[PDB]
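J.: Questions regarding the structure given below will be posed in turn.
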Amino acid sequence: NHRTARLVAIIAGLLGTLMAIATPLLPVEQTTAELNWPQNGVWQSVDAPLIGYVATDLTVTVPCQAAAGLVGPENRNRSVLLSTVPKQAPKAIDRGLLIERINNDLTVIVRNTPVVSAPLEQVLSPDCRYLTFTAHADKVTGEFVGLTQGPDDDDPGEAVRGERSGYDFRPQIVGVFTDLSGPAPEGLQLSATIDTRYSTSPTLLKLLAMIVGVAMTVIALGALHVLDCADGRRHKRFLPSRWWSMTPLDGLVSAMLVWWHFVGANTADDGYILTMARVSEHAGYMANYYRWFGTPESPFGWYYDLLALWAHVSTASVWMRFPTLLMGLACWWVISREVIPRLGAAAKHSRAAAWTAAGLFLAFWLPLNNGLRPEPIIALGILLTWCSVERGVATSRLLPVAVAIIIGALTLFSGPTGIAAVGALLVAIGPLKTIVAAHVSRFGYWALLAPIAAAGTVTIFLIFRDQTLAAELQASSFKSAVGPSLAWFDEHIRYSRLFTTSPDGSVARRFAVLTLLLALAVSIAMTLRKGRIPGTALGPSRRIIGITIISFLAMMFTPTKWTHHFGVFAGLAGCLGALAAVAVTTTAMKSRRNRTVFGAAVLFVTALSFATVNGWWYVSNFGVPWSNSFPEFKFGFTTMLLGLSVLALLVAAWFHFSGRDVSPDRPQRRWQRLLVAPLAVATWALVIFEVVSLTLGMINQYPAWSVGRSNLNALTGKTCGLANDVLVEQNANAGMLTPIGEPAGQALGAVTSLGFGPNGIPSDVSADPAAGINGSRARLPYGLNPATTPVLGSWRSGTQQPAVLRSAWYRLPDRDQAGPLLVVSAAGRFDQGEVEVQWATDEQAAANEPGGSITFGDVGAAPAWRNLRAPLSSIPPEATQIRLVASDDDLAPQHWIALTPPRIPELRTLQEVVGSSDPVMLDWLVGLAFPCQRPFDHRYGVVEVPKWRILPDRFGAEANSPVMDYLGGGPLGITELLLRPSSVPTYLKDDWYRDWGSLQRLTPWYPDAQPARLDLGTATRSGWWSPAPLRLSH
Amino acid sequence: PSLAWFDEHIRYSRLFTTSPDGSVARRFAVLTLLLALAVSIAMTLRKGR
Ligand SMILES: CC[C@@H](CO)NCCN[C@@H](CC)CO
Ligand SMILES: [Ca+2]
């Protein structure tokens, strides 16, 4: 109550609003970086892979006598004079630049289309002084400076050139490669300015504007509080009343949250966000790493920098997901201490409301919010927005309304799914009008509405603290043009994915969404039928229902329609659980006909939930019951629950036609007390189902790896993840067994071989990432030496006769210097028991008798080379000599079999082979299971060349690799041209027949290509500056 | 081809395609029927009738 607090509020609020409007347009400081190619004055290939795929400018100028060492005798395999891609790549011709020599003409192919050409003896003339070339976003142009055309289609005497316009013909650069070796001549200057438009930094003026704007916003809200305390009333607390205490229900919810934090399924996007947050410190900005050309997360993701600071202690999965655990605890304590005692007296004194609020909270939290996504932030922000607004209405004060505006604008920019907070923002307009219209008669309009504007615009200092306005606008338009962006009428796709048979449409997610819709419909029907739900307050009940409906309507304007975007309803679900429990009791709903119909509806949506699989994501699915089939004991849970639903309808019809009630009949029993809360029983039954299913998944694979076993190992060191339980053989030529009779040639097909193909495999289908010891000419996988490994086969191009193969006797090693596996490699499509092992002792093989038989098992895509494996625990400890055996059961020419000799591999773990220092190309799924391995960096538009690659399993790799491909951005558009892959044998340490994924080596085409060095500078740019358009690959 | 009772979402998934099954006329008819039914149910709940 002072005039000074009425002047300070106006002045500070207007200054904060002006400094917030001004700050996206203030200058920055770009770091300019260009590539001048001849580094030390010699012909040497360099390696500079650009992340935006193209430079904003390119200029090469080759003299005449540079190409003197390009033609001569027939000892010249030297084709290219200059390139921006390695010529050995399959896609090198239709993506980059070449000044390659076709047989007698020196031509430069740019983006698959020729630009200029000339005969080579005319280039080596004393004319043709240059080979000027230039590339831009509108035209490319080449020119032989010195000569003209001859007797051809063009008239001679026109000074030969070539231009291509009307399309973006800029070449992709992954380095500058060549095929010469001498000292470089004069001239010969390639130059390219790299697009480092996001490598900015604030200037002094922008930094002072951000500091002064935040200070003025704080001073304006302090003056707003001094105005609000004019009526004589003091503080006396901040928190609710029963905050520092525990009950049994709080202990139960806390125990379920902690145990799900350890043995719990994770979401899909955790390695994505962890890899982004790990590389963003060296990059200097927050780039989206797997897609869209290195464009940043432009207004969204203010908290990824907090995750990047949080990850300096350790990158373990129990450490990185600990703020999400704290958000879940805070969310339930806000629900039970602030919302439920606010919704009335019948909601506050009843216990069934508390139990079903806890149940719907856990049923939304557990399948949907165990990760690094922005979903818990948005859920807790919607609750805190509603609680601040609801406290502003009661005490009739404006400062909690301004705090709610700050929190709502803060959670609006967590992710694109944060648009659900506009429900809690739009419901808070009527209350704000009611509060402002009461105070305006003694303070005014400016003094009450300038801190509201300052608090509304304080978030622009957080969005635009690193980027400019032009960068974020053009990047958002470009991401909408390139990537997957569905419109508002494609909202049915989210609900079509909810009803699939996949991890998107599993039991838990489907149950959560259908139970939310049921509780919302019952609350709306009881609000329409009576005036309100009877024992509850009017305003808060209305505002809960309105916020939930506007959240459902606002969720259709998101660019992607996924199923894990329903995790924003985890705070509203406890509130609707309390309302839908009060709306069902005998005090509110008086007829038992209606209560039996509601119980039947609960049973019907529970029946509809179990009509799918118990499927979870990538490695959360190991060992889980019913993870690939419908849950059933003998019939199916869905048919049993449908029968119970029909029986409940028949009981309701008998209640209808008999004309009977309950109030002088059933006072209280124990099952009658259990029966009146259908939502509590259904929600806690599904919560116990989920928790017990992942605990049993952890128990079924105990010596093998599981998610929960790694999270419980992490309490005692061992924070590497899956990298300790994957065995890797580097050299696949090491543990070959030795035969007893003839040497290592024909000893594969020693004693019986009819239909044996030493070159009898199809050369076209059998392919994986001369002369042989068997006379073979086939390609061997996994780095097998053709001079030591014989190959047989069972394929032919004529009429097919049956084939029987029977090997020689192979000596077995000692039982301490032997690995856990016996491996043969095999190609072709065949059945389970086609290839077998036949072990014997010394005297059993001297008598030529079987002695035993085990069968190989297989993991792999057929018909390509794969590894067949069998443990040595299946071979009894008295066996000394083994022998292979094979037979093809007809099935026409397409069916076949290929075979190599037996091998006991010498295995090391993946943490010892792939260390913690080499750059690894991780996929966007394999990020939280491999936390010790580091991804590759990028600093000024140039990326670091990886050495390894880790993939998911085959079903997961063939459906998720189009995120990272060439058509969307992606680092698989760079390594597709620069590097060649090579598979490595890898086995899961105790669950040998499981497809965990795969590992690859990445080898350069030119091994003598050093990294480049860039010439750095500093330029002061403005807030609307833009160097060049963003080229989209189409 | 015989789908079960829990495959009832497939009829609406076909209604929201871009094909002669999900054309303008059929989609308008079904959505207008659902709108009129919801308004009738809401007015029957709110008042007596
Ligand atoms: C195609 C993969 C999807 C989800 O499955 N990832 C969504 C993108 N992740 C966002 C941040 C988690 C970045 O835009
Ligand atoms: Ca055959």
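Residue names in the structure tokens use chain letters A, B, ... in the order shown, residue numbers from 1 in each chain, and ligand numbers from 1 in the order shown.
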Set the distance at 10 Å and use only C-alpha atoms: which residues neighbour residue 722 in chain A once local chain neighbours fewer than 3 positions away are removed? I'd like the list as an mmCIF file with C-alpha atoms, in the first residue's frame.
T.:
```
data_model
loop_
_atom_site.group_PDB
_atom_site.id
_atom_site.type_symbol
_atom_site.label_atom_id
_atom_site.label_comp_id
_atom_site.auth_asym_id
_atom_site.auth_seq_id
_atom_site.Cartn_x
_atom_site.Cartn_y
_atom_site.Cartn_z
ATOM 1 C CA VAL A 619 15.879 -54.224 -24.486
ATOM 2 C CA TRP A 705 21.652 -59.550 -19.113
ATOM 3 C CA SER A 706 18.474 -57.691 -18.258
ATOM 4 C CA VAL A 707 17.632 -54.031 -17.649
ATOM 5 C CA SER A 710 22.259 -53.813 -14.870
ATOM 6 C CA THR A 719 28.019 -48.816 -14.936
ATOM 7 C CA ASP A 725 27.773 -58.920 -21.583
ATOM 8 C CA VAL A 726 28.457 -58.892 -25.331
ATOM 9 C CA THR A 909 33.970 -58.241 -24.281
ATOM 10 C CA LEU A 910 32.804 -55.247 -26.289
ATOM 11 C CA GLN A 911 34.113 -52.845 -23.632
ATOM 12 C CA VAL A 926 21.261 -47.966 -28.607
ATOM 13 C CA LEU A 928 21.090 -45.950 -22.830
ATOM 14 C CA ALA A 929 22.272 -49.574 -22.956
ATOM 15 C CA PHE A 930 25.736 -48.447 -24.145
ATOM 16 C CA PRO A 931 26.562 -45.481 -21.888
ATOM 17 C CA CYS A 932 30.373 -45.922 -21.598
ATOM 18 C CA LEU A 988 25.159 -62.205 -25.943
ATOM 19 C CA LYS A 989 27.065 -63.599 -22.961
ATOM 20 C CA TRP A 996 20.653 -58.300 -29.369
#
```
J.: Write out as a ChimeraX atom specification which residues come within 10 Å of range 777-788 of chain A when counting only C-alpha atoms, dropping same-chain ones fewer than 6 positions away.
T.: /A:729-734,736,744-745,758-763,766-771,825,864-867,900,982-985
J.: My list of candidates is B:38, B:49, B:32, B:6. Which is closest to chain A when distances are computed with only C-alpha atoms?
T.: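 Among the listed residues, B:6 lies closest to chain A.
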J.: With only C-alpha atoms considered, list every residue of chain A at most 9 Å from chain B, as number ranges by chain.
T.: A: 490, 492-493, 496, 499, 525-531, 608, 611
J.: List all protein, DNA and RNA residues that have at least one atom no more than 9 Å from any atom of ligand 1, counting only C-alpha atoms and all ligand atoms, and write them as number ranges by chain.
T.: A: 268-270, 272-273, 276, 288-291, 297, 301, 372-374, 415-416, 484, 560, 562, 564, 924-925, 960, 962-963
J.: Please produce a file of those selected residues containing C-alpha atoms, as a PDB file, in the first residue's frame.
T.:
```
ATOM      1  CA  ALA A 268      12.068 -45.064 -26.965  1.00  0.00           C
ATOM      2  CA  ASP A 269      13.801 -41.665 -26.936  1.00  0.00           C
ATOM      3  CA  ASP A 270      16.448 -41.870 -24.252  1.00  0.00           C
ATOM      4  CA  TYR A 272      18.473 -39.850 -28.619  1.00  0.00           C
ATOM      5  CA  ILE A 273      18.354 -37.160 -25.925  1.00  0.00           C
ATOM      6  CA  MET A 276      22.300 -34.887 -28.115  1.00  0.00           C
ATOM      7  CA  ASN A 288      19.519 -32.072 -33.400  1.00  0.00           C
ATOM      8  CA  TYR A 289      22.038 -34.747 -34.074  1.00  0.00           C
ATOM      9  CA  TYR A 290      20.370 -37.549 -36.007  1.00  0.00           C
ATOM     10  CA  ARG A 291      18.267 -35.549 -38.467  1.00  0.00           C
ATOM     11  CA  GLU A 297      16.391 -27.487 -31.435  1.00  0.00           C
ATOM     12  CA  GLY A 301      14.634 -27.942 -25.225  1.00  0.00           C
ATOM     13  CA  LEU A 372      14.383 -38.391 -20.345  1.00  0.00           C
ATOM     14  CA  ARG A 373      11.482 -37.034 -22.430  1.00  0.00           C
ATOM     15  CA  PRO A 374       9.800 -33.705 -21.551  1.00  0.00           C
ATOM     16  CA  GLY A 415       8.785 -29.812 -26.297  1.00  0.00           C
ATOM     17  CA  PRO A 416       6.205 -29.575 -29.084  1.00  0.00           C
ATOM     18  CA  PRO A 484       7.547 -35.888 -40.958  1.00  0.00           C
ATOM     19  CA  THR A 560       4.055 -35.932 -34.808  1.00  0.00           C
ATOM     20  CA  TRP A 562       2.889 -40.736 -31.235  1.00  0.00           C
ATOM     21  CA  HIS A 564       3.908 -41.604 -25.698  1.00  0.00           C
ATOM     22  CA  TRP A 924      19.163 -43.480 -31.695  1.00  0.00           C
ATOM     23  CA  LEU A 925      17.930 -46.570 -29.835  1.00  0.00           C
ATOM     24  CA  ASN A 960      14.091 -47.174 -37.622  1.00  0.00           C
ATOM     25  CA  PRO A 962      15.083 -44.163 -42.138  1.00  0.00           C
ATOM     26  CA  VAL A 963      15.365 -41.529 -39.381  1.00  0.00           C
TER      27      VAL A 963
END
```
